[PDB]
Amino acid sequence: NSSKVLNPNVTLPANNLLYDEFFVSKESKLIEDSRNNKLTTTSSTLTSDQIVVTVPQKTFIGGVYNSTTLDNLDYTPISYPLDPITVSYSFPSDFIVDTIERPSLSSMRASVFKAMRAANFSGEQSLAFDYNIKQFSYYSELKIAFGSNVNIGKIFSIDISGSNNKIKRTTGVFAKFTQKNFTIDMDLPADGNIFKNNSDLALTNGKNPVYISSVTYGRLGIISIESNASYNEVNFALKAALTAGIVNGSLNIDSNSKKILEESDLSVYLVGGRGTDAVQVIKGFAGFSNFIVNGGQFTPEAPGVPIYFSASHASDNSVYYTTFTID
């Protein structure tokens, strides 16, 4: 009859939307190999189809939400029954397929455990973090790292309304850094309509339904640094932390870089920290260091958590995205 999609366009007060620098780890490269074997990206316009997890209990493959309710963390569900889904797990060294009869958080967890147990693993996990680094001046620019128009002030419990959106120190740097275990991808619906009773699609008119069609597991951080050191000094120090050796539980970072980060105003949004399924926001280098140091091997019992996801429109199965623009 007709397919309507709503894909947000968000203007940011940045001069550039693309990361200044980035590093891709072997494991993340190999996962994409497995995905492929089996977008506008300019400084002034950037399409984002990856959304960092903000509501862990609702972020499971096959979940269906009103797309206009994601940015404020409401995630209003659309609860009509779904057809069973077919999902593929792309690992660094394997590709595993499963069927989930009734998409739910518990069903995803059970499927993940089964896939982790079945998967072939080759060589040793390197534990290197991927990282993506960008200078910033306004806290709203961190929406880039989250991949969507989230409320940065509420996530980080900071007042950035009005003139407080601007950093107070000389230099601002943020980064997104990840250790990826695997990516789950949902097959397109067999009959073109995710709903078990296809006529329920028409009942979702006006509810802007999107379904979670890809979920990546691992651990993730988004760090914000405000410092009176220079961009090059902060950026070097940040990379030194992210790439430092870990010896008997100690981050073997050079002393000057540690001092820069300790002296800075440093917050990290963490998904997949040890012990918790919740997201955490920490302040200070010590908590950042602890997260890096304890980022260990993935196992079936400790597979990480959902760290980011993609969604698709139920009307036509196209990918849901945010377009970021400058000015």
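The numbering used is simple: start at 1 and walk along the sequence shown.
A chain break between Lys38 and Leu39 is present, corresponding to 10 or more residues of the deposited sequence without coordinates.
Here the stretch with the larger average CA B-factor, out of 63 to 71 and 29 to 37, is 29 to 37. Of the two stretches examined, 304 to 312 and 5 to 13, the record assigns the greater average C-alpha temperature factor to 5 to 13. When the Cα B-factors of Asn290, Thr276, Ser267, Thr299 are read from the PDB record, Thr276 comes out highest. Set against one another, the Cα B-factors of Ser104, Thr204, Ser111, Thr216 in the record reach their highest point at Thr204. Split the chain's modelled residues into thirds by C-alpha temperature factor. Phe195 is in the middle one. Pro84: CA B factor in the middle third of modelled residues in this chain (values from the PDB entry).
In the PDB entry, a CA B factor belonging to the highest third of its chain's modelled residues is recorded for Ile167. When all modelled residues of the chain are sorted by CA temperature factor, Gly153 is found within the highest third.
Among all modelled residues in its chain, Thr183 ranks in the lowest third by Cα B-factor.
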